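Visitor: my sequence and its experimental structure, below.
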Amino acid sequence: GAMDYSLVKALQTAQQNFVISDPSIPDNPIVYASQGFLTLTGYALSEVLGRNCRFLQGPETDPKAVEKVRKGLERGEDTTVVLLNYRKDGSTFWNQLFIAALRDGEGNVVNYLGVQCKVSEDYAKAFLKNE
Ligand SMILES: Cc1cc2nc3c(=O)[nH]c(=O)nc-3n(C[C@H](O)[C@H](O)[C@H](O)COP(=O)(O)O)c2cc1C
Ligand SMILES: [Cl-]
């Protein structure tokens with residue numbers, strides 16, 4: 001459950017932008033989305049639950065950034081990327097995206113956490129250069 005994790009409760013209380021996915025459901029869809037995520041992206045909660053978060057990507061999103069995310073998920077490593085994302089209205093923003101495994105007491109991945117932060121184009125260019 002989403003509220004099993006004190007990090008999730010903290011981010012909820014702090015009114016941050018995040019989602020929780022469930023990799024045991026086909027296509028690793030979102031099972032919880034914060035209000036901040038909804039406001040950032042322009043989607044209603046009923047439009048995001050049950051969907052993989054790739055709906056935020058579009059033609060100007062760098063496929064190499066998406067590949068870094070993919071590899072983090074396949075290798076079990078926490079990961080930070082900066083990539084271009086799209087709101088429901090088609091407007092774009094740079095997203096500094098953090099994805100981490102949420103584990104049980106035996107080490108199994110039960111859920112993934114993704115935390116989104118809108119950053120400026122200038123911040124994004126500097127981040128990508130430094131990577
Ligand atoms: C918890 C979580 C949150 C994610 N949040 C975003 C996001 O904010 N923006 C984005 O472009 N991709 C995000 N993704 C990445 C996509 O959901 C997806 O993992 C990536 O596009 C590769 O999927 P594929 O291997 O099916 O191509 C997130 C993934 C997870 C697991
Ligand atoms: Cl995925």
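Guide: Everything's here; your move. Numbers count the residues shown, from 1 in each chain. Ligands and ions are numbered 1, 2, ... in the order given.
Visitor: beta partners for the nearest residue to residue 76 once chain neighbours are set aside?
Guide: In space, and not counting its chain neighbours, residue 76 is closest to residue 101: 6.2 Å by Cβ to Cβ, 6 or more residues apart in numbering. For every residue, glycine as well, the C-beta is placed using N, CA and C. Residue 101 has the following beta-bridge partners by DSSP bridges: residue 112.
Visitor: does any bit of stretch 4-22 sit next to ligand 1?
Guide: Yes: residues of stretch 4-22 are located near ligand 1 by Cβ under 6 Å from any ligand atom, namely 19, 21.
Visitor: what residues sit buried inside that stretch?
Guide: Of the residues in stretch 4-22, 5, 8, 11-12, 16-22 count as buried by neighbour count, 16 or more other Cβ atoms under 10 Å.
Visitor: repeat for stretch 75-86
Guide: Under 16+ other Cβ under 10 Å, the buried positions of stretch 75-86 are 79-86.
Visitor: quick one on the thing from earlier: among the buried residues of stretch 4-22, which lie within helices?
Guide: 8, 11-12 (DSSP state H).
Visitor: any idea how far residue 50 lies from residue 107?
Guide: 27 Å (Cβ to Cβ, to the nearest Å).
Visitor: got a list of what the residue nearest to residue 76 touches?
Guide: 76, 78, 109, 111-113 (Cβ atoms under 8 Å, 6 or more residues apart in numbering).
Visitor: check these one by one and keep those near ligand 1.
Guide: Checking those against ligand 1 (Cβ under 6 Å from any ligand atom), the matches are 112-113.
Visitor: sec struct for the closest residue to ligand 1 within the chain, please.
Guide: At 2.4 Å from ligand 1, residue 114 is the closest residue in the chain, using Cβ to the nearest ligand atom. Following DSSP: H, G, I helix; E, B strand; the rest coil, we place residue 114 in the strand state.
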